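Visitor: Here we go, the starting part of the complex in its complex frame:
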Amino acid sequence: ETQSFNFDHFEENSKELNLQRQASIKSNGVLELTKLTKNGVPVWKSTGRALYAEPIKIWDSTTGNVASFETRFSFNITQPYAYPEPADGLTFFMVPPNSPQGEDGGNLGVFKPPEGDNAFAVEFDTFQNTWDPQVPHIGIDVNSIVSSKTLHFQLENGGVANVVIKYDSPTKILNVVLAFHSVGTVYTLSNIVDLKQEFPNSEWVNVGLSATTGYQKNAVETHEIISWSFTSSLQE
């Protein structure tokens, strides 16, 4: 009925977090989603994803009940330069098991252009593509990079962000709270999302974090995750 996991820090070679592409783990006990320099020389078009080994069940076929979950994590985004404009963003996401990876850059390594991929994600977009509003912003992506609801927030460069994503099965209310404590700012964005109806092909989904850097040179930024807890609660 309940699935949980908590990372107060990130230990190297954990049998719990399954890393992909540029994503590695710093000796610091930090999860680094995208490299800023590989082999001494600066790079771009970097993409890093990190999933949780076990599939989380979001709804029951027999019972017909949808899970309620809450996940929290701290991240640190540093944007070194002012020109060219930094990119692309960081994002929490849920996809069905054994599902293709998303494109780089703008799609945050989660979504693909042809309407094929089935995914959900809460994004922290730092770059304004053709479909984006002023950046940076918080976005609720339901099967598309185009957020169904967004919120502009002022990023604290190199500061520690505290995120909370809470979803209540009964009210189908997805909520996102972004707060920068070291400065006293809080951002809250919430919209209605019908999980059962949006992931009808798998009662199970993989949960993970992802980030990506620009397509040009220097259109990059750091994407570090400091901690990350999760917990679903499926009744019935």
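Guide: Received the coordinates, thanks. Numbers count the residues shown, from 1 in each chain, chains lettered A, B, ... in the order given.

Visitor: Residue A:174 pairs with what?
Guide: Here residue A:174 sits in beta bridges with residue A:167, residue A:191, going by DSSP bridges.

Visitor: Just want to check the distance between it and residue A:82.
Guide: 34 Å (Cβ to Cβ, to the nearest Å). All C-beta spots, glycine's among them, are computed from the backbone N, C-alpha and C.

Visitor: Residue A:152 now?
Guide: Plainly put, residue A:152 is 19 Å away from residue A:82 if you go by Cβ to Cβ.

Visitor: Same drill for the two, tell me which one is more crowded.
Guide: Ranked by neighbour count (other Cβ atoms under 10 Å), residue A:152 and residue A:82 place residue A:152 first, with 13 against 8.

Visitor: Is the more buried one in contact with residue A:134, as I believe?
Guide: Yes - with contact defined as Cβ atoms under 8 Å, residue A:152 counts as touching residue A:134 (5.3 Å).

Visitor: what's near enough to touch residue A:42?
Guide: By Cβ atoms under 8 Å, 6 or more residues apart in numbering, residue A:42 lies in contact with A:36, A:217-218, A:220.

Visitor: Where neighbours are concerned, which of those has the most?
Guide: Going by other Cβ under 10 Å, residue A:220 tops the contacts of residue A:42 with 27 neighbours.

Visitor: Just say helix, strand or coil for that one.
Guide: coil (DSSP: H, G, I helix; E, B strand; the rest coil).

Visitor: next one: phi and psi at it?
Guide: The phi/psi pair for residue A:220 (degrees, to the nearest 10) reads phi -140, psi 170.

Visitor: and the nearest residue to it once chain neighbours are set aside, how many neighbours?
Guide: Take residue A:220 and drop its neighbours on the chain: the residue closest to it by Cβ to Cβ, 6 or more residues apart in numbering is residue A:213, 3.9 Å away. Neighbour count for residue A:213, taken as other Cβ under 10 Å: 30.

Visitor: partner residues bridging residue A:213?
Guide: residue A:88.

Visitor: Contacts only, for it.
Guide: Listed by Cβ under 8 Å, 6+ apart, the contact set of residue A:213 reads A:34, A:36, A:43-47, A:87-88, A:105, A:219-221, A:223.

Visitor: hey, where'd the helices end up in chain A?
Guide: A:195-198 (DSSP state H).

Visitor: what's the farthest-apart pair in the contacts of residue A:213?
Guide: For these, the farthest-apart pair by Cβ to Cβ is A:36 and A:105; their separation is 14.9 Å.

Visitor: hmm, back to that, what's the overlap in contacts for residue A:152 and residue A:134?
Guide: Counting by Cβ under 8 Å, 6+ apart, residue A:152 and residue A:134 have no common neighbour.

Visitor: burial measure for residue A:181, as a count.
Guide: There are 13 residues near residue A:181, going by other Cβ under 10 Å.

Visitor: how near is it to residue A:216?
Guide: Look at residue A:181 and residue A:216: by Cβ to Cβ, they are 33 Å apart.

Visitor: following sequence is chain B, add it:
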Amino acid sequence: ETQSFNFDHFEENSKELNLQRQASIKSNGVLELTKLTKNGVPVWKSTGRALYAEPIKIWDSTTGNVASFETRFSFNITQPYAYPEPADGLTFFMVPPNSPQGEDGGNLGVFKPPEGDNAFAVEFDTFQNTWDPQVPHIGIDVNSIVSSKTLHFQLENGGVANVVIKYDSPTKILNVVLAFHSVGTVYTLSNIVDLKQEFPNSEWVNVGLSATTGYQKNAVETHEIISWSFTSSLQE
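Guide: Chain B added:
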């Protein structure tokens, strides 16, 4: 289309804030909702309310649109003693114009027993009455002191709390974020509320803060508001 007000501090004798009962304004530029001692001797059964002079419009009869508002405020609750247990709580609330005052203590000076008063309020209950869950908790009161949704939170004694109450007319999603920055804690509670259906007798409502202390000696705490901004935005 838009009504706003902001108090980065509280000036004495402002023509924008109709104070009621025990509620006064300290010289430090703080709004003190309930006195802990009057003239030198300790007291209880204290009740303080503070409204905003102008009525805020929440919905339009003709167009049919409901307003969307967001209000933030910082408060400081200090509970001096451990026995007897402290009471009662602090709360943001909306009532129709020219409406009666609620009862002391448990009703937070907002609601009355006989189902007569029409009101809404986000409460920060510090005392567990017969209808309450473990305290302290955040509660969403829709026409009753019995919250339709609640959330237990650990209070930081004498610390500054940052509250955010955001309501989105289109999704009818009421959200409450309570965060104690000095410690790194965030609490988020959200439930669905149909403002237009819950205040059908007045397109207008008075907005205000309120607090109350126990019914017994020493079952008291301080209720200070440091800042408080609001903003509705009714389309059409």
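
Visitor: Same as before for the neighbour count of residue A:181, with chain B this time.
Guide: Around residue A:181 there are 22 other residues, counting by other Cβ atoms under 10 Å in any protein chain shown.

Visitor: Tell me who's in contact with the closest residue to it other than its chain neighbours.
Guide: Among residues not flanking residue A:181 along the chain, residue B:181 sits closest, at 4.8 Å (Cβ to Cβ, 6 or more residues apart in numbering or on different chains). The contact partners of residue B:181, taken as Cβ atoms under 8 Å, 6 or more residues apart in numbering or on different chains, are A:179, A:181, A:184, B:160, B:162.

Visitor: Looking at those residues, spot the one nearest residue B:197.
Guide: Out of those, the member with the shortest distance to residue B:197 (by Cβ to Cβ) is residue B:162, at 30.1 Å.

Visitor: who's that closest one bridged to?
Guide: residue B:74, residue B:179.

Visitor: so how far is residue A:195 from residue A:69?
Guide: From residue A:69 over to residue A:195 the distance is 9 Å, taken as Cβ to Cβ.

Visitor: overlap in contacts of those two?
Guide: A:58, A:167.

Visitor: ok, now which ones touch the nearest residue to residue A:54 once chain neighbours are set aside?
Guide: The shortest distance from residue A:54 to any non-neighbouring residue, by Cβ to Cβ, 6+ apart, is to residue A:3 (7.2 Å). When contacts are counted by Cβ under 8 Å, 6+ apart, residue A:3 touches A:54, A:56-57, A:230-232.

Visitor: Check residue A:92 too.
Guide: The contact partners of residue A:92, by Cβ under 8 Å, 6+ apart, come to A:71, A:73, A:121-123, A:163, A:165, A:207-210.

Visitor: What about those residues, which are in strands?
Guide: Under the assignment DSSP state E, the contacts of residue A:92 contribute A:71, A:73, A:121-123, A:163, A:165, A:207-210 to strands.

Visitor: Tell me how far the residue of chain A most remote from its centre lies from residue A:234.
Guide: Here chain A reaches farthest from its C-alpha mean at residue A:62, the gap being 29.8 Å by Cα atoms, centre = their mean. Distance from residue A:62 to residue A:234, counting by Cβ to Cβ: 12 Å.

Visitor: Next: residue A:29.
Guide: Separation of residue A:29 from residue A:234 (Cβ to Cβ) stands at 31 Å.

Visitor: contacting residues for residue A:34?
Guide: A:22-23, A:46-48, A:211-213, A:220, A:222-223.

Visitor: mind redoing it with 10 Å?
Guide: For residue A:34, the contact set (Cβ atoms under 10 Å, 6 or more residues apart in numbering or on different chains) comprises A:21-24, A:43-49, A:88, A:90, A:109, A:210-213, A:220-224.

Visitor: now swap in residue A:2 and tell me
Guide: By Cβ under 10 Å, 6+ apart, residue A:2 lies in contact with A:67, A:231-235.

Visitor: just residue A:102 next, same as before
Guide: Going by Cβ under 10 Å, 6+ apart, the list of residues near residue A:102 reads A:47, A:49, A:91, A:93, A:95, A:108-113, A:117, A:119, A:121, A:145, A:210, A:212.

Visitor: I'm done for today, thanks for sticking with me.
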